[PDB]
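Worksheet for the structure shown next.
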Amino acid sequence: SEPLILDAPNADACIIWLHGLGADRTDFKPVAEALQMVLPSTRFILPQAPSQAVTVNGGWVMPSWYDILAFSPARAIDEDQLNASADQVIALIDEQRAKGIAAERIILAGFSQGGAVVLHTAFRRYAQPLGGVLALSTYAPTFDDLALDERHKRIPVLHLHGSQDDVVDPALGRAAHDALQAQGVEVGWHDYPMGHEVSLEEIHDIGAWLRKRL
């Protein structure tokens with residue numbers, strides 16, 4: 001479908017947030033609207049993953065960024081749908097660049113599956129620098145292969161996770177963090193007593209990090 005947008009008067013920054021497996025672009029609207037209050041000059045773009053069959057879920061057709069062929073291992077995914085979606089974001093990125101929004105003031109964000117997609121996008125597909133990346137309860141199914149150039153290390157990152165996350169092993173979560181970290185990328189970590197979800201304290205953390213960068 002089409003990206004739900006939360007514009008901001010005289011915009012000078014943009015945050016592209018992606019949802020989890022099988023969710024509505026409206027899932028992060030309440031969060032977008034709130035962060036917009038601390039960042040009133042920042043536009044929010046919440047795209048919609050298309051409907052695709054999800055192998056690991058029989059073959060149900062729901063919003064999926066990439067097909068997940070099995071709960072295990074991590075790589076057990078359709079890498080091309082992943083590259084497809086990534087391109088959907090790279091699309092969105094450029095559009096913003098066109099409307100005059102600056103690179104360092106463009107940020108990608110993703111929860112669960114979505115985070116994989118943006119993590120992949122920033123450090124594997126997109127060639128130009130970004131302003132940052134937000135990883136909400138995720139993993140990086142495509143990081144085993146990683147050799148960042150001098151520029152992609154300039155991309156600050158913040159990883160967040162629930163300790164009780166019984167959907168995305170926190171380990172795979174730190175993993176992504178440790179992967180980027182080891183290549184010398186400015187990264188941050190925050191876990192919370194919660195499961196595959198978002199928390200108020202977590203958002204304050206996100207907003208704070210943002211206020212410092214936008």
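To be explicit about the labels: the chains of the structure tokens are called A, B, and onward in the order shown, and within each one the residues are counted from 1, while ligands get numbers from 1 in the order they are shown.
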Margin query: At a cut-off of 12 Å, using only C-alpha atoms, what residues contact residue A:94? Leave out same-chain residues fewer than 4 positions from it and give the result as an NGL selection string.
Written below: :A and (14 or 16 or 87-90 or 98-103 or 106 or 126-130)
Same residues, N, CA and C atoms, output as an mmCIF file, in the first residue's frame:
data_model
loop_
_atom_site.group_PDB
_atom_site.id
_atom_site.type_symbol
_atom_site.label_atom_id
_atom_site.label_comp_id
_atom_site.auth_asym_id
_atom_site.auth_seq_id
_atom_site.Cartn_x
_atom_site.Cartn_y
_atom_site.Cartn_z
ATOM 1 N N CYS A 14 13.737 13.741 8.529
ATOM 2 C CA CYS A 14 12.753 12.702 8.291
ATOM 3 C C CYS A 14 13.147 11.379 8.942
ATOM 4 N N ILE A 16 12.082 7.399 8.849
ATOM 5 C CA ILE A 16 11.364 6.297 8.174
ATOM 6 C C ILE A 16 11.341 5.082 9.087
ATOM 7 N N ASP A 87 15.176 -1.699 -1.134
ATOM 8 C CA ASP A 87 15.101 -0.764 -2.234
ATOM 9 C C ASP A 87 13.911 0.158 -2.054
ATOM 10 N N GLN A 88 12.816 -0.335 -1.466
ATOM 11 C CA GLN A 88 11.639 0.512 -1.236
ATOM 12 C C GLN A 88 11.981 1.676 -0.320
ATOM 13 N N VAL A 89 12.887 1.419 0.620
ATOM 14 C CA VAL A 89 13.340 2.433 1.557
ATOM 15 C C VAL A 89 14.325 3.330 0.810
ATOM 16 N N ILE A 90 15.307 2.734 0.152
ATOM 17 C CA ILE A 90 16.245 3.568 -0.557
ATOM 18 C C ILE A 90 15.446 4.518 -1.460
ATOM 19 N N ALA A 98 15.482 14.664 -2.219
ATOM 20 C CA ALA A 98 14.997 15.512 -3.295
ATOM 21 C C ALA A 98 14.273 16.701 -2.742
ATOM 22 N N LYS A 99 13.360 16.453 -1.806
ATOM 23 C CA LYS A 99 12.581 17.535 -1.199
ATOM 24 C C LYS A 99 13.465 18.425 -0.332
ATOM 25 N N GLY A 100 14.773 18.193 -0.419
ATOM 26 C CA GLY A 100 15.706 19.006 0.324
ATOM 27 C C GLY A 100 16.115 18.548 1.700
ATOM 28 N N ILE A 101 15.616 17.411 2.162
ATOM 29 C CA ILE A 101 16.044 16.949 3.474
ATOM 30 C C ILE A 101 17.470 16.429 3.338
ATOM 31 N N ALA A 102 18.290 16.749 4.328
ATOM 32 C CA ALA A 102 19.691 16.348 4.331
ATOM 33 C C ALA A 102 19.957 14.934 4.852
ATOM 34 N N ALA A 103 21.014 14.330 4.310
ATOM 35 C CA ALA A 103 21.415 12.992 4.703
ATOM 36 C C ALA A 103 21.474 12.841 6.208
ATOM 37 N N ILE A 106 18.359 12.436 8.004
ATOM 38 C CA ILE A 106 17.462 11.353 7.582
ATOM 39 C C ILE A 106 17.810 10.100 8.449
ATOM 40 N N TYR A 126 22.230 0.647 0.786
ATOM 41 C CA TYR A 126 22.410 2.075 0.498
ATOM 42 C C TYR A 126 23.879 2.492 0.538
ATOM 43 N N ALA A 127 24.317 3.205 -0.498
ATOM 44 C CA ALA A 127 25.711 3.625 -0.624
ATOM 45 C C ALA A 127 26.096 4.936 0.042
ATOM 46 N N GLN A 128 25.184 5.905 0.093
ATOM 47 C CA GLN A 128 25.475 7.192 0.741
ATOM 48 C C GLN A 128 25.193 7.146 2.259
ATOM 49 N N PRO A 129 25.804 8.054 3.036
ATOM 50 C CA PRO A 129 25.628 8.112 4.491
ATOM 51 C C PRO A 129 24.226 8.537 4.974
ATOM 52 N N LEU A 130 23.851 8.043 6.142
ATOM 53 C CA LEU A 130 22.582 8.383 6.725
ATOM 54 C C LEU A 130 22.841 9.129 8.029
#
Item checked: Selection near residue A:73, 10 Å with only C-alpha atoms, sequence-local residues under 4 positions removed, as a ChimeraX atom specification -> /A:69,77,141
Next item on the list: From a DSSP pass on the backbone, collect the residues of stretch 40-135 of chain A flagged as alpha helix (DSSP H) and hand them back as a list in words.
Entry: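 DSSP on the backbone gives alpha helix (DSSP H) at residues 79, 80, 81, 82, 83, 84, 85, 86, 87, 88, 89, 90, 91, 92, 93, 94, 95, 96, 97, 98, 113, 114, 115, 116, 117, 118, 119 and 120 of chain A.
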Which residues of stretch 70-118 of chain A come within 12 Å of stretch 46-64 of chain A, and what is each one's closest atom pair and distance in Å (one decimal), counting only C-alpha atoms, sorted by chain and residue number, as CSV?
residue,atom,partner,partner_atom,distance
A:70,CA,A:56,CA,5.2
A:71,CA,A:56,CA,6.9
A:72,CA,A:56,CA,9.8
A:73,CA,A:56,CA,11.9
A:76,CA,A:56,CA,9.6
A:77,CA,A:55,CA,9.3
A:78,CA,A:55,CA,9.7
A:81,CA,A:64,CA,8.8
A:82,CA,A:64,CA,9.3
A:84,CA,A:50,CA,10.6
A:85,CA,A:49,CA,7.7
A:86,CA,A:49,CA,10.8
A:88,CA,A:47,CA,8.8
A:89,CA,A:47,CA,8.3
A:90,CA,A:47,CA,11.9
A:91,CA,A:47,CA,11.1
A:92,CA,A:47,CA,8.9
A:93,CA,A:47,CA,11.6
A:107,CA,A:46,CA,11.9
A:108,CA,A:46,CA,10.1
A:109,CA,A:46,CA,9.2
A:110,CA,A:46,CA,9.8
A:111,CA,A:46,CA,11.6
A:112,CA,A:64,CA,11.2
A:113,CA,A:64,CA,8.1
A:114,CA,A:49,CA,8.7
A:116,CA,A:64,CA,11.9
A:117,CA,A:49,CA,10.5
A:118,CA,A:47,CA,11.9
Checklist line | Within 6 Å of residue A:191 using only C-alpha atoms, minus same-chain residues under 2 positions, as a list in words | finding: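 In the requested form, the answer reads residues 160, 161 and 162 of chain A.
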Filtering to N, CA and C atoms, could you give me those residues as an mmCIF file, in the first residue's frame?
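Result saved to again.cif:
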data_model
loop_
_atom_site.group_PDB
_atom_site.id
_atom_site.type_symbol
_atom_site.label_atom_id
_atom_site.label_comp_id
_atom_site.auth_asym_id
_atom_site.auth_seq_id
_atom_site.Cartn_x
_atom_site.Cartn_y
_atom_site.Cartn_z
ATOM 1 N N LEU A 160 17.744 -1.611 20.776
ATOM 2 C CA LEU A 160 16.913 -1.718 21.991
ATOM 3 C C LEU A 160 16.285 -3.083 22.011
ATOM 4 N N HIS A 161 16.099 -3.627 23.209
ATOM 5 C CA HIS A 161 15.526 -4.955 23.275
ATOM 6 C C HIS A 161 14.852 -5.335 24.585
ATOM 7 N N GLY A 162 13.934 -6.289 24.517
ATOM 8 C CA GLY A 162 13.300 -6.777 25.733
ATOM 9 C C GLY A 162 14.094 -8.013 26.178
#
